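In structure tokens, one chain follows: the form solved without ligand TIH.
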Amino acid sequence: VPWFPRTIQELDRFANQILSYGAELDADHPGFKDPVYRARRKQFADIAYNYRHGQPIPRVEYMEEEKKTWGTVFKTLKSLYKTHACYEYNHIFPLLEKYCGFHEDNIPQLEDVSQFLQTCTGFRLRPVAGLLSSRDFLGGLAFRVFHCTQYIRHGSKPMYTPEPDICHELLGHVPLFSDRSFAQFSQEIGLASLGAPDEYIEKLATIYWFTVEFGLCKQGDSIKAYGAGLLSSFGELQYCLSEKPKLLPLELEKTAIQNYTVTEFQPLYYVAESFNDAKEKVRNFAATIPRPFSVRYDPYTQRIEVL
């Protein structure tokens, strides 16, 4: 049985376990030839590397160049939310704009966003240097902890990023983590991953992809997007609700083994009846995972109870 954190503080062991050679080092990366960008990324990586549970997330003064990139992404995407984003998203966005500083001329500080999420569902953020294993990233969700990037994409291509960056985290993920039902749903995924075999972790990663990242949900007699990858993608967000993509009901037995690529728009999306239904489906799927025990999270003591 693979090791897993029993306390929220134990998530600290995750920092010393990431891909040390990030994407910013790749020749095809938008900022590859930018030494200033290289150092800025390293600066953000060090903040995450030195962060420890409990401490407030270090505030950072973003440069004008970075705020411009943010403004571009903010302005373009926001024009689609009212008609394409699920109710949960639109209901909370006005609140984020007023209490977290969500504006095109300002990049929200993770500390303020984390406090806001805590007040909403107890979800909190932890700055992350780079890509974590699926096991570690999903494990955090069990404690309602989202490993969040703080750096921003390179300014040369504001409408594109080969990795998650702050625009993605804040405009795509955060709004949904402010919803109780979604919070419980995402947490159910995290709980299912604790001590799960590597093979089932990959299955949960795939389920996560078709829900938290590119999921669509029913809303009355309509269908709306709730996936963070869709909500942070101007092109795919409009595409996902057109007649081009194929839509199928969310079915974990099938979804969990569905292949996909992160290079182009998804040809297929899974539609969740609701966040509560999706959560129940995850719970049922979790029961099929070979684990010599059962897990539960106790928010009172922030510990995982192993039975």
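All residue numbers are counted from 1 along the displayed sequence. Basically, rigid core = biggest C-alpha set you can superpose within 1.5 Å across the two forms.
So which stretch wins on mean C-alpha B-factor, 96-104 or 110-118?
Per the deposited B-factors, the answer is 96-104.
Q. Lowest, middle or highest third: where is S193 by C-alpha B factor in its chain?
A. Answer is lowest: the recorded C-alpha B-factor places it there.
Using the temperature factors of the C-alpha atoms in this entry, rank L268 within its chain: lowest, middle or highest third. According to the entry, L268 has a C-alpha B-factor in the chain's middle third.
When the deposited Cα B-factors of this chain's modelled residues are ordered and cut into thirds, is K42 in the lowest, the middle or the highest one? According to the entry, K42 has a C-alpha B-factor in the chain's middle third.
Just say lowest, middle or highest third for the CA B-factor of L131 relative to the other modelled residues in its chain. CA B-factor rank for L131: highest third.
Notebook entry, point to check: If you rank every modelled residue in this chain by C-alpha B factor, which third holds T255: lowest, middle or highest?
Noted result: Answer is middle: the recorded C-alpha B-factor places it there.
From this point on, the text means the form solved in complex with ligand TIH, which you will not see here.
Test of understanding: in the deposited bound form, would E104 fall inside 4.5 Å of ligand TIH by heavy atoms?
No, no contact at 4.5 Å.
| request: Tell me, yes or no, whether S186 is in contact with ligand TIH in the deposited bound form, where a contact means a heavy atom of each within 4.5 Å. | output: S186: no, not in contact with ligand TIH in the deposited bound form.
* Mark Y21 yes when one of its heavy atoms lies within 4.5 Å of a heavy atom of ligand TIH in the deposited bound form, and no otherwise. => Output for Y21 is yes: heavy atoms within 4.5 Å of ligand TIH.
Next item on the list: Consider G195 of the chain shown here, and say whether it contacts ligand TIH in the deposited bound form, taking contact as heavy atoms within 4.5 Å.
Entry: Answer no; every heavy atom of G195 is more than 4.5 Å from ligand TIH in the deposited bound form.
**OP:** Choose one stretch from 117-125, 94-102, 160-168, 216-224: the one whose residues place a heavy atom within 4.5 angstroms of ligand TIH in the deposited bound form.
**Re:** Stretch 160-168 is the one.
Ligand TIH in the deposited bound form - contacting residues of 231-250, heavy atom within 4.5 Å = Those in contact are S232, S233.
- Core-aligned CA displacement of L170 at least 2 Å between this form and the one not shown: No, because once the rigid core is superposed, the C-alpha of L170 moves less than 2 Å between this form and the one not shown.
When you overlay the rigid core, is the Cα of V295 off by 2 Å or more between this form and the one not shown? No; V295 is a residue whose C-alpha shifts by less than 2 Å between this form and the one not shown when the cores are overlaid.
Exercise. Taking the rigid core as the superposition reference, indicate whether the CA of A27 shifts 2 angstroms or more between this form and the one not shown.
Key: Shift at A27: 2 Å or more after core fit.
Once you account for a change of 3 Å or more, let me know if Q302 and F275 sit closer or farther in the deposited bound form, using their C-alpha atoms.
Those two alpha carbons end up farther apart in the deposited bound form.
Checklist line | Inter-Cα distance between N106 and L25 in the deposited bound form, nearer or further [3 Å or more] | finding: Compared with this form, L25 and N106 lie farther apart in the deposited bound form.
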